[PDB]
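Participant: Before I ask anything, let me first share the structure, which is written out below as structure tokens.
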Ligand SMILES: CC[C@H](C)[C@H]1O[C@]2(CC[C@@H]1C)C[C@@H]1C[C@@H](C/C=C(\C)[C@@H](O[C@H]3C[C@H](OC)[C@@H](O[C@H]4C[C@H](OC)[C@@H](O)[C@H](C)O4)[C@H](C)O3)[C@@H](C)/C=C/C=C3\CO[C@@H]4[C@H](O)C(C)=C[C@@H](C(=O)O1)[C@]34O)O2
Ligand SMILES: *[C@@H]1O[C@H](CO)[C@@H](O)[C@H](O)[C@H]1NC(C)=O
Ligand SMILES: CCCCCCCCCCC
Ligand SMILES: CCCCCCCC
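Protein chains in written order, with PDB author numbering: chain B, 262 to 340; chain C, 175 to 261.
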């Protein structure tokens with residue numbers, strides 16, 4: 262939608278950095294699902310509680326990292 | 175070149191195009207510019223997002239074969255999206 266009202270250029274716009282970043286956060290979410298679900302069905306309980314651990318870490322890591330991103334992004338382009 | 179963002183004027187030439195018509199032979203000049211299409215846009219708006227889309231279709235190879243609803247949802251979504259992007 263946004264990229265359609267723009268002329269094709271030769272440089273990377275600050276808008277691209279922000280779209281591409283959010284895109285990654287959601288892509289890594291999917292990856293996380295796969296990782297969690299894959300080591301979850303593994304027979305041993307060794308992997309199973311690791312699976313649980315991955316979620317716990319994600320529930321906090323993702324927000325924290327996205328917040329860190331925002332801070333870096335806005336200081337860099339909001340100037 | 176600064177008012178021409180989408181392309182890059184790589185080369186120019188100056189030639190003649192004198193032609194013989196039914197009403198006579200008319201002298202003619204021809205200036206030619208060569209336009210090279212900027213790639214950055216198509217990299218970011220076509221190739222990158224398609225690889226990212228194809229790569230997503232792969233993360234379903236790591237879901238247990240029992241949970242096929244997850245696999246289909248991935249493969250089908252990425253496929254549909256691929257269509258839209260092409261359109
Ligand atoms: C990285 C691609 C894979 C598939 C990943 O994609 C995702 C997640 C999944 C994969 C891991 C999603 C993807 C973004 C990337 C993450 C990319 C960034 C955060 C930024 O870019 C990186 C890499 C980039 O170099 C590829 C690099 O530029 C260098 C090298 C280049 O030359 C090789 C050169 O030109 C340049 C001058 O300097 C850059 C500095 O930094 C960010 C710029 C990317 C934005 C991407 C997009 C913005 O809108 C696009 C489109 O409207 C859409 C719908 C999808 C987006 C997307 O496709 O989102 C999109 O295309 O991750
Ligand atoms: C520009 O330069 C190259 C090399 O001289 C040549 O092959 C090409 O025909 C030129 N283009 C124009 C339109 O003059
Ligand atoms: C010990 C784990 C605590 C996780 C807290 C997650 C909070 C996420 C809020 C996102 C807005
Ligand atoms: C600029 C890309 C940031 C991606 C962070 C992903 C964290 C899960």
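Yeah, the Cβ is synthetic: ideal placement off N, Cα and C, and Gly gets one too.
If contact means a Cβ-Cβ distance below 9 Å, which residues of the region 218–233 of chain C contact chain B?
Facilitator: 218, 219, 222, 223, 226, 229, 230, 233
Participant: Using the Cα positions of residue 209 of chain C and residue 236 of chain C, report the straight-line distance between them to the nearest angstrom.
Facilitator: 46 Å
Participant: Between residue 272 of chain B and chain C, is any beta-carbon pair separated by less than 8 Å?
Facilitator: yes
Participant: Can you have a look at residue 300 of chain B and say buried or exposed, based on whether 16 or more other CB atoms are within 10 angstroms of its CB?
Facilitator: buried
Participant: Let me make sure I understand the geometry here. Which of C:212, C:225, C:193 has the alpha-carbon closest to that of residue 183 of chain C?
Facilitator: The shortest C-alpha separation from residue 183 of chain C is found at C:212.
Participant: Rounded to whole angstroms, what is the Cα-Cα separation between residue 334 of chain B and residue 202 of chain C?
Facilitator: Distance between the alpha carbons of residue 334 of chain B and residue 202 of chain C is about 56 Å.
Participant: I think residue 180 of chain C touches residue 324 of chain B, with their Cβ atoms under 8 Å apart; what is that distance to the nearest whole Å?
Facilitator: The pair is not a contact, with the Cβ atoms about 39 Å apart (cut-off 8 Å).
Participant: Is DSSP giving residue 285 of chain B helix, strand or coil here?
Facilitator: Three-state DSSP puts residue 285 of chain B in a helix.
Participant: In chain order, what residues of the same chain have a beta carbon less than 6 Å from the beta carbon of residue 187 of chain C, not counting five sequence neighbours either side?
Facilitator: Within the same chain, residue 187 of chain C has close Cβ partners 206.
Participant: Between the C-alpha atoms of residue 294 of chain B and residue 260 of chain C, what's the straight-line distance to the nearest angstrom?
Facilitator: 28 Å
Participant: Nearest-angstrom Cα distance between residue 309 of chain B and residue 318 of chain B?
Facilitator: Straight through space, the alpha carbons of residue 318 of chain B and residue 309 of chain B are spaced by roughly 15 Å.
Participant: Short of 8 Å Cβ to Cβ, which residues in the region 176–193 of chain C face chain B?
Facilitator: 179, 180, 182
Participant: Name, please, each residue of chain C whose Cβ falls closer than 7 Å to the Cβ of residue 295 of chain B.
Facilitator: 233, 236, 237
Participant: Could you tell me the distance, in whole angstroms, from the CA atom of residue 194 of chain C to the CA atom of residue 177 of chain C?
Facilitator: Between the C-alpha atoms of residue 194 of chain C and residue 177 of chain C there is a straight-line separation of about 37 Å.
Participant: Using CA atoms only, rank isn't needed, just tell me which of B:275, B:289, B:270 is closest to residue 327 of chain B.
Facilitator: B:289
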